[PDB]
Amino acid sequence: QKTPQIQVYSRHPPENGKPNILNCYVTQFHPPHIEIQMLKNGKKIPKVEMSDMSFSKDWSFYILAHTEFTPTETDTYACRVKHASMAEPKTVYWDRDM
Amino acid sequence: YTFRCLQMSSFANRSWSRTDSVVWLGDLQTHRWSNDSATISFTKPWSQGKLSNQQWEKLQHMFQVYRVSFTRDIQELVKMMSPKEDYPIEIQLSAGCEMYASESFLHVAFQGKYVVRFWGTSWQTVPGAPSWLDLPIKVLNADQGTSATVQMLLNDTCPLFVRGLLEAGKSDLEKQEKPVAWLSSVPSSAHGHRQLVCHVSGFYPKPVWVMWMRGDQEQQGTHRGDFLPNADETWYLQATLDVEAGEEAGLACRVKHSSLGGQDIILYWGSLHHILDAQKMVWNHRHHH
Amino acid sequence: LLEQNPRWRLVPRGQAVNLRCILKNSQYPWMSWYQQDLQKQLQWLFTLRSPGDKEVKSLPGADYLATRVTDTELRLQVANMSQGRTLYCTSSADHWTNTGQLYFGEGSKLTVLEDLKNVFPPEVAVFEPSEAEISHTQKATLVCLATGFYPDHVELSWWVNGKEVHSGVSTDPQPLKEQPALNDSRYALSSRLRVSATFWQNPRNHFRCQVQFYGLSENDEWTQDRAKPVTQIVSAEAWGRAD
Amino acid sequence: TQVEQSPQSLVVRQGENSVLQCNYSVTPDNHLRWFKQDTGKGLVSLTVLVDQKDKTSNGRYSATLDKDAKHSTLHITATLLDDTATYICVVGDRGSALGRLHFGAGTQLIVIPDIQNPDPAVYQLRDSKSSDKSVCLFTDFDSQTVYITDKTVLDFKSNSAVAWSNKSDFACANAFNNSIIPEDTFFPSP
Ligand SMILES: CCCCCCCCCCCCCCCCCCCCCCCCCC(=O)N[C@@H](CO[C@H]1O[C@H](CO)[C@H](O)[C@H](O)[C@H]1O)[C@H](O)[C@H](O)CCCCCCCCCCCCCC
Ligand SMILES: *[C@@H]1O[C@H](CO)[C@@H](O[C@@H]2O[C@H](CO)[C@@H](O)[C@H](O)[C@H]2NC(C)=O)[C@H](O)[C@H]1NC(C)=O
Ligand SMILES: *[C@@H]1O[C@H](CO)[C@@H](O)[C@H](O)[C@H]1NC(C)=O
Ligand SMILES: *[C@@H]1O[C@H](CO)[C@@H](O)[C@H](O)[C@H]1NC(C)=O
């Protein structure tokens, strides 16, 4: 078993109001079975497109999930990941400052 | 350029199994082979390389037999391991060639740990492999037919098909996309310290140079981040600098890339541009790290 | 070589059977089971390599359980037989083609019966050559007739002057049903010994037709008026005539 | 079924040529085997075929294989009476012990003897023990031609049938009354 690394980031400079694309990039996990959702305020975002799963030179898997979004001063985006190496589902919030 | 075909095989129990594949030329995905699909999908227009339809069809049928035979073969060999049938089981396969003269390879991992490889004419166990692998390896090695076509694949077919992909993929392997950079800030884990963050996004090809600067002097505390992908096969990177408060003044993030001529991107902290960029990012800060 | 046991067995419909495959040389370790139904269609069952490997499989119409106990012994428990099967045991090394070979055993013929009282031993009769045949062809043919037996497993041989002969013999390939429309019918089988007229006409010449029959064991419960039909030999004999 | 043999049954005169067909759809086809099973006995390997366009000679046997057409043939030159057997075409799933065999239904080969100058006759034979059971012997019919035995083949080779019955007035002359009988058959009075 290897626990997932979750990184959340925007495609373009994250100006409020303007349309942008949010990326949730999961890494360093084994086995390859994994559930990923992207969350807006708590509710699941209906169309989250995903890349195919691949692995790296250390034989650990990585996948990229992404969706279009419009950032707001008040609206919060997150990425939840269920994996066997974890008791509870890990939820990671987008921090534009990070 | 390093061509690699990757294979992910999951064996959950006696009945359940799937196997999916992806093919990379450098940092560009060229093929996708889902368990669900009978055929091998193209992700690019040039994914057929220089092969002709008849030559491609033959190879796809070659692989179609392989996928079905592999799944049966593994589920019989799994009966020889210690302890007997240790479900679940993951098998990973990495086969390709590097370009220069060339160098083909085929490596195999079991439960995430690399244990077997093809070498010369046969299958061999790598140093530190489980001793139970000796028996399965002998049976696989007894199969001249497999042995001979794998040889053909690695020695002859990988280099040839790649050399074709490279020629017909040149246009896409040469394209240049400009980085866009923007600045942000976070409190540091140490008291009175703050972490300056320089976001570089949307660049291709992958090689890039990013540093914090006091004009002349590169700031040695610059921590380059990991290369994170974008959905459109571009790249995202960030570089951080830990400063004491009232030391941000006079600092700049510099970015060198092949797509910028010689004209580096320089962003100064507190510069008129930065101020207006920052005013557009504001938010309530929850739930912050 | 590859010893298969037992060679033959009667199975009262609704009981199990134990089959063994002791292998004489450990250099050919890839033991596997093959089935051949009453319609002569062959099929692969199980293929076992490691000691301790046990596997189950259900087929029309017999359920199997095969284990590889030791590196030399291979078992197969056969249960719930509906209809007759014959089971073959094969071993090879890792290679099995260019550097061969693949080896086959003698097999185990299993026959399924409903009732035990349905087992009858054969009546045997030798019919003397025709005096017309002798005139016309200068050869003399004896016919042997084994009738009224069940099941169909009989082995027939000719014995001229106390020793077995193959020269001049042709026996039926398979037995035939006496009452063809009925399921629990009894069988009959014929053979011919064709000799020269001179050789038959010798009064000192003795002709015997023996028929081995495979039926019940000493380990089968039986209390009925007629005799307990054990695995036995039944014969008939004739001496020659001069005229 | 994945291995189709044809025909199901075949008849040849002793000394003539005989050809058996096998078309398969097993994938992958690594090798092909021919087997001979004498009735009531085990299997005997006749030949193994390995390559894309193969051929092998086993004394009186010879076989070809085309993997392109997933097809094989077996030839027996100058057939003997002991060639009466079932012939089984089988395909090798792998080139190692990981593979499984797939078996065709078998083609049943029946060899009928070359009887130049036949001598058809029906004789009645009596029980050695007395009495009064009897049997009929039909001897030496050429192989174009109540419990009747199927025709068997002797080795001077002869086709011969045997008929017996327990019915009031049998009798041998009209025993093979459901049969094609030579117009010159000898029917001696009993
Ligand atoms: C290969 C790279 C060259 C570049 C060209 C390809 C570019 C196009 C992109 C393709 C994308 C598709 C993703 C491909 C996945 C990457 C792996 C590719 C390498 C696969 C090996 C090719 C094997 C081909 C031979 C084969 O199908 N063998 C078959 C059939 O063989 C049978 O049929 C044949 C007829 O076709 C012959 O007659 C043979 O004698 C008979 O036995 C045979 O069954 C093989 O044994 C299959 C297994 C092979 C996997 C080896 C695994 C070793 C690891 C075991 C250790 C784990 C421990 C176990 C618990
Ligand atoms: C594929 O290339 C390998 C080398 O990478 C060849 O393996 C050699 O085989 C020869 C003769 O079989 C041996 O003398 C060498 O020792 C082998 N080399 C190694 C490094 O093991 C192989 O023969 C080639 N196959 C084909 C079809 O050309
Ligand atoms: C095999 O695995 C799948 C998924 O892990 C599961 O749905 C199925 O119940 C399993 N079958 C078994 C344990 O027989
Ligand atoms: C994957 O595909 C194979 C056919 O190649 C199928 O038999 C198997 O059940 C599939 N597994 C899943 C999980 O879809």
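All residue numbers refer to a per-chain count from 1 along the written sequence rather than necessarily to the numbering of the entry. Residues that lack coordinates are not shown. A letter from A marks each chain and a number from 1 marks each ligand, given out in the order of writing. Only heavy atoms go into the side-chain values, all of them from the structure, while hydrogens and water stay out. Residues with missing side-chain atoms are left out of burial classes, side-chain pairs and their counts.

Under the annotation held in the PDB entry, chain B carries the name Antigen-presenting glycoprotein CD1d1 and is attributed to Mus musculus. Listed in the archive, the entry goes by the title "Structure of mouse Valpha14Vbeta2-mouseCD1d-alpha-Galactosylceramide".

In the annotation of the PDB entry, chain A is listed under the name Beta-2 microglobulin and assigned to Mus musculus. The record in UniProt for chain A states the following under Function: "Component of the class I major histocompatibility complex (MHC). Involved in the presentation of peptide antigens to the immune system." UniProt positions are given in the numbering used here, feature names are shortened, and annotations may be inferred rather than shown by experiment.

Participant: Before we move on, can you summarise the interface of chain B and chain D with the specific residues and values?
Facilitator: Each side of the interface is counted separately: chain B has ten residues, and chain D has ten residues. By buried area we mean how much accessible surface two parts lose on assembly, using a 1.4 Å probe and totalling the loss over both. Across the chain B/chain D interface, buried area totals approximately 870 Å², and carbon plus sulfur atoms make up 52% of it. The working definition used for a salt bridge is a side-chain nitrogen of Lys or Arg within 4 Å of a carboxyl oxygen of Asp or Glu. Here chain B and chain D share three salt bridges between them. With a shortest N-O distance of 2.7 Å, D:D93 and B:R72 are connected by a salt bridge. We call two residues in contact whenever any of their non-hydrogen atoms come within 4.5 Å of each other.

Participant: Tell me about the pattern of salt bridges, and please be specific about residues and values.
Facilitator: Oppositely charged side chains may form a pair once their charged atoms are brought near each other. What the rule picks out here adds up to 25 salt bridges over all chains. Among the salt bridges present, the one from B:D20 reaches B:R18, with a minimum N-O distance of 2.7 Å. Burial classes follow relative accessibility: with a 1.4 Å probe on protein chains only, a residue under 20% of its type's maximum area counts as buried, one over 50% as exposed, and anything between as partly exposed. For B:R18, a relative accessible area of 26% puts it in the partly exposed group. Residues B:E76 and D:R100 are paired through a salt bridge, measuring 3.4 Å at the closest nitrogen-oxygen approach.

Participant: Hey, could you go over the UniProt feature "disulfide bond" in chain A for me, with residue numbers and the actual values?
Facilitator: Residues and elements named next belong to chain A. The term disulfide is used for any two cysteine sulfur atoms that are within 2.5 Å. A sulfur-sulfur distance of 2.0 Å between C24 and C79 means the disulfide UniProt records for this pair is formed in the structure. Here the residue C24 occupies a position in strand β2 (residues 20-29), and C79 occupies one in strand β8 (residues 77-82), the gap between them amounting to 55 residues. The class of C79 is buried, set by a relative accessible area of 0%. Only DSSP runs of H or I covering at least 4 residues are called helices, and only runs of E covering at least 2 are called strands; the numbering of each starts at the N terminus.

Participant: How would you summarise unusual backbone geometry if you had to cite specific residues and measurements?
Facilitator: With an omega dihedral of -5°, the bond running from C:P60 to C:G61 counts as a cis peptide bond. As for its placement among the helices and strands, C:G61 is situated in the loop between β6 (54-59) and β7 (62-67). Cis geometry is found at the peptide bond from D:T27 to D:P28, where omega equals 0°. By the secondary structure assignment, D:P28 is in the loop between β3 (18-24) and β4 (31-37). A positive phi is found at D:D140, a non-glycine position, where the angle reads about 65°. Checked against the element boundaries, D:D140 lands in the loop between β13 (134-139) and β14 (147-148). Judged by its relative accessible area of 6%, D:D140 is buried.

Participant: I'd like to hear about the environment of B:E103, residue by residue, with values.
Facilitator: Structurally, the position occupied by B:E103 is in strand β6 (residues 102-110). What B:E103 contacts, discounting residues up to four positions off in sequence, is B:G96, B:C97 and B:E98.

Participant: Any details on the state of the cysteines? Residues and values, ideally.
Facilitator: Going through the model one piece at a time under the given rule, you end up with seven disulfides over all chains. The disulfide partner of B:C198 is B:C253, and the S-S distance across this bridge is 2.0 Å. What sets the handedness of the B:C198 and B:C253 disulfide is the S-S torsion sign, and at about -80° it is left-handed. Taken together, the residues B:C198 in strand β10 (residues 193-203) and B:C253 in strand β16 (residues 252-256) connect sequence positions 55 residues apart. Using a relative accessible area of 1% as the deciding quantity, one classes B:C253 as buried. Across the disulfide from D:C22 sits D:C89; the S-S distance is 2.1 Å. Taking the sign of the S-S torsion, -75° for the link of D:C22 and D:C89, the bridge is left-handed. Linking D:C22 in strand β3 with D:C89 in strand β9 (residues 85-92), this pair joins segments that are 67 residues apart in sequence. Take D:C22 and D:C89: they sit in the same class, and that class is buried. In chain B, the bonded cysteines, numbered by position in the sequence, are linked as 1-2, 3-4.

Participant: Lay out the site of ligand 1 in plain terms, naming residues and giving numbers.
Facilitator: The immediate surroundings of ligand 1 are formed by 31 residues, with B:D73, B:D143, B:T146, D:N30 and D:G95 found nearest. For this description, a residue counts as near a given molecule or strand if any of its non-hydrogen atoms is within 4 Å of it. Mapping the residues adjacent to ligand 1 onto the chains of the assembly identifies chains B and D. Contacts to ligand 1 include B:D73, whose side-chain N or O atom sits 2.6 Å from an oxygen atom. Each polar contact in these results corresponds to two N or O atoms within 3.5 Å; when the atoms are within protein, one needs to be able to donate a hydrogen and the other to accept it, and residues that are neighboring in sequence are counted only if both atoms are side-chain atoms. Note that a nitrogen atom of ligand 1 is positioned 2.9 Å from one of the side-chain N or O atoms of B:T146. Computed by Shrake-Rupley with a 1.4 Å probe, the accessible areas treat only the displayed protein chains as cover when residues are assessed. The protein chains hide 93% of the 1,400 Å² of surface that ligand 1 would expose on its own. The residue classification treats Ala, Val, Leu, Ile, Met, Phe, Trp, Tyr, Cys and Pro as nonpolar and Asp, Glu, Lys and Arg as charged. All others, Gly included, are polar. Considered class by class, the residues forming the shell around ligand 1 number 20 nonpolar, eight polar and three charged.

Participant: Tell me what's going on with the pairing of strand β11 (residues 108-113) of chain C, and back it up with residues and numbers.
Facilitator: All names here are of chain C. Most of β11 is tucked away, with five of its six residues classed as buried. When DSSP finds two or more bridges between two strands, those strands count as paired. Bridge count for strand β9 (residues 85-92) against β11 is three bridges, and the pairing is antiparallel. Bridge pairing links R85 to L110 in β11.

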